[PDB]
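Chains as they are written, first to last, in the deposited numbering: chain F, 3 to 237; chain C, 1 to 242; chain B, 5 to 233; chain J, 4 to 218; chain L, 1 to 209; chain K, 1 to 195; chain D, 2 to 234; chain M, 28 to 240; chain E, 7 to 126, 134 to 249.
Report on one structure; see the data block that follows.
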Amino acid sequence: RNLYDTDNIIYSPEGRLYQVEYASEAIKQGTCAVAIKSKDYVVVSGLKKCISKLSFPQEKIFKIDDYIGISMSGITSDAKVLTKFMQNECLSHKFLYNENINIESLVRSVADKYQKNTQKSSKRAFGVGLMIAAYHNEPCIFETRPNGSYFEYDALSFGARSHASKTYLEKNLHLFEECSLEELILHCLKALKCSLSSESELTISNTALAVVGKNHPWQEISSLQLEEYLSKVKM
Amino acid sequence: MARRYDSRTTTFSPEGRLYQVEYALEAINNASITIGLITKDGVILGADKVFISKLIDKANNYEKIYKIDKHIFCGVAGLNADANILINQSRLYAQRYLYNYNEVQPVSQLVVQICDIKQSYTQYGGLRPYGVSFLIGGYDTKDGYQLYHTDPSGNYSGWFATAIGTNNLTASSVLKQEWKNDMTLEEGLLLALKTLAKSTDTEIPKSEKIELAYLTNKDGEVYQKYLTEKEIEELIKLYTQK
Amino acid sequence: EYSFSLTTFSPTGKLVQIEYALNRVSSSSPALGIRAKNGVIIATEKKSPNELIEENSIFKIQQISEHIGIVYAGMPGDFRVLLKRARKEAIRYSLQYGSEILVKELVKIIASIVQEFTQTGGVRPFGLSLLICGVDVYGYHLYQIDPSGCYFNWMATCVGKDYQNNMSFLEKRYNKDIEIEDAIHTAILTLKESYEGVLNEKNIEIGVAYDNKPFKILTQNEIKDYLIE
Amino acid sequence: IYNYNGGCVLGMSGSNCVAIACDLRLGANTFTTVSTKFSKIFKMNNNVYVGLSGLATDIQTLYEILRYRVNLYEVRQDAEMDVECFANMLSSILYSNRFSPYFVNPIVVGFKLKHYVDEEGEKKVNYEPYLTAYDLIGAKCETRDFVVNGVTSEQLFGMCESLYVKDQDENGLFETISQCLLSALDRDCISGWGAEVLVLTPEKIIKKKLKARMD
Amino acid sequence: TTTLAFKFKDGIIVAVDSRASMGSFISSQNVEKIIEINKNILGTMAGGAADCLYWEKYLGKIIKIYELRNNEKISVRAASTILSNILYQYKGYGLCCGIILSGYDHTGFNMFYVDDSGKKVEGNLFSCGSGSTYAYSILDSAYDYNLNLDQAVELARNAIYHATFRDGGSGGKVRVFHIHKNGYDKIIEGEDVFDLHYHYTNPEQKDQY
Amino acid sequence: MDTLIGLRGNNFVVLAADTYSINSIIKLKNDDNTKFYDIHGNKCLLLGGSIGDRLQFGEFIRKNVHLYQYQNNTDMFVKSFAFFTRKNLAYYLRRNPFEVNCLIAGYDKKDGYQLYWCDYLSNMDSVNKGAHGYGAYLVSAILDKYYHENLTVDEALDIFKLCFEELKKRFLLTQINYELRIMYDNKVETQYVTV
Amino acid sequence: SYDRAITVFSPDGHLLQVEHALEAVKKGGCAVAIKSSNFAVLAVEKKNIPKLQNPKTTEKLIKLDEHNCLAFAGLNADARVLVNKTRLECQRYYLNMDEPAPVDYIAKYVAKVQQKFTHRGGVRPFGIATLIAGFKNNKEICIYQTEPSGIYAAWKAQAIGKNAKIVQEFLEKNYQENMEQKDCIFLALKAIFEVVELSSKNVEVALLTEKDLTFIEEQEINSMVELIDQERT
Amino acid sequence: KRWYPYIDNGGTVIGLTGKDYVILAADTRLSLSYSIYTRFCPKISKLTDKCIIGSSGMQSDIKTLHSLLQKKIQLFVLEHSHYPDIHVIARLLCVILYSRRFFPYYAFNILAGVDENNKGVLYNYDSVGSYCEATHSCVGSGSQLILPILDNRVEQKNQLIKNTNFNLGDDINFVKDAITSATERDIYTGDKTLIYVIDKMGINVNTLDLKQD
Amino acid sequence: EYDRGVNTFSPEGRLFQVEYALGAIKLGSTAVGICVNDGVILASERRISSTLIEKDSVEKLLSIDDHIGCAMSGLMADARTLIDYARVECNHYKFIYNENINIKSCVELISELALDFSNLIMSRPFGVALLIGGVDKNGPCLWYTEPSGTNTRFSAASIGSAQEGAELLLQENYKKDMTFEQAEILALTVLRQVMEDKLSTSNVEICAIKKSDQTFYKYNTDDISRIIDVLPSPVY
Ligand SMILES: *[B]([O])([O])[C]([C]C1=[C][C]=C(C2=[C][C]=[C][C]=[C]2)[C]=[C]1)[N]C(=O)[C]1[C][C][C]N1[C]
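Structure follows, in structure tokens:
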């Protein structure tokens, strides 16, 4: 414990790398973020963080390519390195070739960027987990842990009260056939509200939300458009 | 990651000092003593040969007063092992100055070169300092005979007479009390024996012991060193007047 | 961060890692060097081994060049890397200047390499002591190189275990004008008296300079005639 | 070797002394002189005299290196450096610039310093001439008698061959090398604005500057 | 290509043509050769087009940082020295540009002709370009240093015309500026069909010469 | 193309050079050019050759020499200054042309007044009289015929006048304006002559 | 080690390896600079063993350029290496700008390089506090105090080194705006050895003007010292 | 034996700007020395919604220079969250072009777009990092021929400056007139041409058919 | 640091160095910035250690570019290298792209240098807190950069030793709509409540970046006097 913690090289006598287990809980402090995969749409919503009622809400949703977007949850500085890496990767592929980067291959290209910061002892594991949501030819959601690892999901949640939001998603199997994004965007927004603490701030026009789908490039949901969605959430 | 194995040899102490240099100064305070003396005729360097055995060659060599250039020479007091590293380095410096500017290097300029390298190790690199400090006497046409005393820390200082090594205080006291400003070469040599004899609390030296050298520029920078034979006369002369 | 000195000054002002290296040199087989009027003798005792080993396959007295021999007393692994690196200097010198390298410059070069491992980071000091002897235009030489890197000029010396009384024995039996034949006689005797359980045959080694002849290592046929007395 | 900065260097061996000579011109272009003090004979050591001939830039630049390494060798040695050790060093120094050559044709002249007993009560012994000559890439063309380089190498070879005799003392040797040089410079129009014969013996060194034709 | 400068009684009058021609064909005829290097310092293009448009605007970048870290305005001597050094690093790379840096600094009015080979020079009446010789020729016979502004710009316009008249590669609109003790103004962003104005005032013949 | 003349006496060294700017070879550019690079330690360095390389080389020498004299409270000797200049000129010779001709001059406590002559190829050598550029072919003969031992400063300037009215009369481009740098009596005096 | 951050944030937020570097300055020699209308005087403390150690050490009062002073206070070992970088910098600036470096630019560089050594890896912070006197682009004298932490500021009359607090509080109460050439010598002398022994050998004072920095010789130094002991009686 | 790495694929790009628009027209023929590779290779690549680039040099360099520039522009959009103005793009292309001054792109580029309310604007380069705003510019094989034609109608040496007004419809017809003149007078000019009209709302890609000889 | 390096996660998920540098920004002089829809106003305390100082060379509100100005907190010497770095990057952007840098974009390149020690070159986290503001486009902006690297755009923030008190006053007296002058008097009142006895010229160095001119302006002794005379809060 006290001895098996100082560096990211020593294995605990149970074979656990503590210094990547510790960075794996920095994502558990970021605000919740939920991705829902429809038959042909992906909806990503995240709760922006306001440190004071003078400050602007912190940005949660980031755009990578035409049909690729992410939602970090962890250390903001570490995520900014990864978005630049991903953006410089989808653009180079669209430059060297004329195609769109294979989302499966792009996630692997960023999942091993986590890795190279784990073998050495002069580096640290990234403290950020990502939500790579994209529509390449079919909708797909990815998640990269601070240790080199990635998975393809059907729904996610990040950190703050993710267990509360997961319960809403774990019991909802409609999302596969949930066409009519109106019916799907409500499902995600209700999920995000579930993680949101009661007797506190409610979901307002300062919570991020974006979609990507068949002929729907990665777009934010405008506040005027978003505002009525929050109204149906109150129902 | 060898972080737990590091000693941080280039880190300040709580009182603003460097422990590695602090200990290196302690190392050169237990080494053999070396004497510097500036006379009107020339500059005198004389150190004490630490006894090892009678089987030492002690005929064509001694490891305290080396030659750095035809007009510069040094008397080392400290770790003899890493002195040869700095002696070879300063030999390179004094010969590359002559390569660039086509003239012999002034003594005050060699010292700052050999002190910068001595200091650089205690500034950055994570290496141990040079546990060595040596008087560097030499003659330069600009400011005449000079004598500089170096330091493991890298800070030097010009002097007229210095007695670094073990029991330096008892040898600086006699130097301070008997160093007349204007002395002849033979007079200075006798003073060197007197301070060398008194530093190691011996009434008379033995000549299987302390060795002497000087410059005494004769428009050609003769740079002579004593074999043991010439020092009996110096020992004889000391006995007659003391 | 991986190049930091492991040899650091102790508070009492001693490079304590070097003091440990000298402890191990003071526990190895005694190597011994003696110089005479017309040659230099380096001798070491190679303890009586099992008959399984091939004695000629290991020789503590190796040869640097035509007139420069060598012997060590320490860790055999470090001798080979130092001996091999010492031969490069003896060749690199001859690739510039026509003549064979001479002992004084060779010892200074080698001592600068032993000193490097004392100071540089991440490495330990060499755990051995060398006795480089040779014949030059400046007569005969016999040097010794400590693990610390400092080198000494000797007329006769010992480096191995129990070299305190071993060298005291030589002091009362050595003179400057000693004949080379008598030097080997004294070299055998001093090794003989130090070696407990005196069986000094098949477990000794001699290397001679012989008044500007090429450095030669006496095979055992030329040694048994020196064990009568 | 260039007509630019035309100059020649000559060395000769006597009975127990050697003489090294050169011309003092420094010609800017081929046919344009600017100085007549440009001595091309340098004192590497007490009995090691080197003579550099060719482009003066490389004459000086090489001389700095030679002087920087001979001093480094001697100081690290506490021993006077001998010719055949120095001579081989000059061969390797030139070769190290095999593809960016020092355009010089050096001459190395100086005694060899054997070291036998010389007596039951002596230490060092007689000396040997040791002439040698190189080229720009350092080919050790060692020779037991006169060696030449420079633009008048071919002019000097003819005269030295027809005038050199086996052994001569200091007085005899100086005259032959002076005649072998003056009358060889008078046949060159890019060198020979004043000679400087330097005959040296084991005891003394004689420097003479001849009254050469200046044309 | 033509370029002028005066350091006349109360300022500097920099004048250029506006022709950019490749080979023997006129690529453009409305190029701006004067560059706002600084509020007080302005340069000029000549020779190769990009080899000076890029570097002068690169030089403006260096000055802006220097003028901001030290919060004192840079001097023309220092600006020219910076430019000549960076153009010297490209000796054999084929650059070609003759720049006349003129401006006002604490030490009065300064001018510095800078060429592609690190050719910094301080003077009073520089001119560069293919038609520079004709431009020099007019100025040397009319330069006074006591000219007032009204006839200083007239002399500059007169010189640019006669240079563009004799030179094939010089022509187009004539630009004549003026450098104050504080900033500069654009006096003439003008024309060049005034051959029939200076000499041969009345269009009647072909102007034999 | 540009003329540099130097004359050394027992108590003086006078450096002469035309004040012309040959740039834009079809014409002159400046009538009062600056080729002299006066050094603090009673030294001067006169450069010929291309104007672009004169600034890059001469200014670089001036900084290094000044830096030497600031790191070391001494004043750098003329012999050191001369042979350090040759070293740098030869150092760049096989990497960058620097077609500049030097004329090193200065005063030294131990060696007196010295003049050094350097070609674009670094052919440094101390001389009693130097001449660079194409005008060397026409001013070297005056520097021999009319120069003798232990001249005084006034006679040396009379010699230099004799060289100047020669380049005007016989040399191809009749340089008219020249600048001198008289070093004598611990002074560095500057005067401009014409015709 | 080689490339490790040795200066790192203490749990209270301080940089311990810089705080310790400040304590290395306090174990030095006091230095005082005074500004005036168009000149600055610099007086420092020197320590020499009698009859030995000829005063060729000349630690403080370092020439940087034609007109640039420097009177450091701290580890003399780090003094030469830091100073020599500035002298290298001063000529490089005068090469890339063809105008001598102003006093403000040199101070900014010294503050930059000092702060660089407390931010890089495997480098010890300079244990030196310096102050620079010189003229800006416009001819206007200025003195720039510096600290090993890298912080720098221009001062009218500042004292650094051993027990600089006592000197500074004294120098703050009797500093006139434009003192005389002989007044600035007196104020510097009166302040420099308020903490140093009254002997005239201990203090070294030099005065900087538009040209040719001048060292004050022992004649008036002894003269003003005898005017100060009677002031203390 | 030396492998000269520069060939000219011909083709001409015509630019002409108006008060509130800009017309960029180019041919599509890609040809070797005297034979013809293909009869449709577009030389105009859109960059933003209101900025397009046309190049008429060597087609290998043009494809990578446009591709490099759109890669930079999209990278700029992501980092700065607003589409660059044409002035921003024009300056950026100058840096990219000059970044290889010592091995220059063998491409001549014309950059067209709108920055103000409309302010139809147009830049032209010469293979190396240099650009000046122009009312009309053309590059390529027909540069020598079209440029005189554009001058006579846009600027004037004419005694009376007729057709002072210039509606969008007539300017399109004028470029069709010009690009046809180059076709029948130039070897390398194409057979099918694309005409772009960057108006206030966007860009049109109306196509015109030319001679096939 | 007793057995840990710079890149070490605490068992709570936070880094050690950056959470230690957060305690180093609570010692500088208090600076208050206010962003209204007409331009950003930046105010700053002036802590003159002694009357001998020139009060001019020491500064708190530098300008990153022609349209950007910043405040500082924490290690003053450690903040100059950021501002100097940002100056080169801001100018470099203006060269590659002809326009002026977005304050949001300027902050990002500062933020990513604030963790250059992390190694995905510095060696320890920067220990300052910037208060950048400017008027690039989309109206004026005001940002705030932490040692931890997180940067949040503010409408009216505050840094320095008394930033906790200043943000308390701003969080009540700030309204979304103000004129330029209402911001200027508001900033001084916030400082007046937390500064020392005298609200003199030599105590504050307010600078403004007006939307209209789109250029920073360091108020001189005259422009600073007409704001103090307002005294909208004469409460003692
Ligand atoms: B001059 O004819 O020599 C000319 C000088 C020149 C013209 C224009 C510009 C320019 C470019 C872009 C924007 C603004 C201004 C700069 C310099 N240069 C040339 O004629 C030569 C000949 C062939 C290549 N160059 C154009």
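We put the beta carbon where it would ideally sit given N, CA and C, even for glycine.
- Taking C-beta separations shorter than 8 Å and ignoring five residues to either side along the sequence, the partners of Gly140(E) in its chain run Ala27, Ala30, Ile31, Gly80, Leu81, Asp84 and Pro160, following chain order.
- For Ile50(D), the secondary structure class from DSSP, reduced to helix, strand or coil, is coil.
- Three or more beta-carbon pairs separated by less than 8 Å are not found between the segment 55 to 71 of chain F and the segment 97 to 106 of chain E, which leaves the two stretches without contact.
- For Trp156(D), the enclosing beta strand (DSSP E) begins and ends at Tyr153 to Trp156.
- The segment 38 to 55 of chain E and the segment 218 to 231 of chain E touch, with three or more beta-carbon pairs separated by less than 8 Å.
- With 16 or more other Cβ atoms from the protein chains shown falling within 10 Å of its own Cβ, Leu186(F) counts as buried.
- Runs of the alpha helix (DSSP H) lying entirely within the segment 145 to 198 of chain M and spanning at least 4 residues, in chain order: 170 to 181.
- Secondary structure at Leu101(L): strand, using DSSP grouped into helix, strand and coil.
- Between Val130(F) and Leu84(F), the C-beta gap is smaller than 9 Å, which places the two residues in contact.
- Looking at the backbone, the Cα of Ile117(C) and that of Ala94(C) are separated by about 14 Å.
- Close partners of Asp66(D) in chain K (Cβ separation under 9 Å): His66 and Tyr70.
- Every beta strand (DSSP E) of 3 residues or more that sits fully in the segment 76 to 122 of chain L is shown, in chain order, as 98 to 105 and 108 to 115.
- Listed in chain order, the beta strand (DSSP E) runs fully inside the segment 139 to 210 of chain F are 141 to 147 and 151 to 155, counting runs of at least 3 residues.
- For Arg94(K), the closest C-alpha among the options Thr64(J), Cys20(J) and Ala31(J) is that of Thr64(J).
- Secondary structure note for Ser72(M): its beta strand (DSSP E) is the uninterrupted segment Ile71 to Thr75.
- The three-state secondary structure of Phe51(C), taken from DSSP, is coil.
- For the segment 152 to 169 of chain B, the beta-carbon criterion of a distance under 9 Å to any beta-carbon of chain C is satisfied by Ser152, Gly153, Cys154, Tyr155, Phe156, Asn157, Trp158, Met159, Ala160 and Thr161.
- Contact between the segment 44 to 57 of chain B and the segment 60 to 73 of chain C is not established, with fewer than three Cβ pairs separated by less than 8 Å.
- In this structure, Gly84(M) has its beta carbon at no less than 8 Å from each heavy atom of ligand 1.
- At least one beta carbon of chain D lies nearer than 9 Å to the beta carbon of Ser7(B).
- Non-local beta-carbon contacts of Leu155(L) in its own chain, meaning distances under 6 Å to residues more than five positions away in sequence, involve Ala142 in chain order.
- Within 10 angstroms of the beta-carbon of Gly138(B) lie 16 or more other beta-carbons, which makes it buried.
- Annotated three-state conformation of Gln239(M) is coil, per DSSP.
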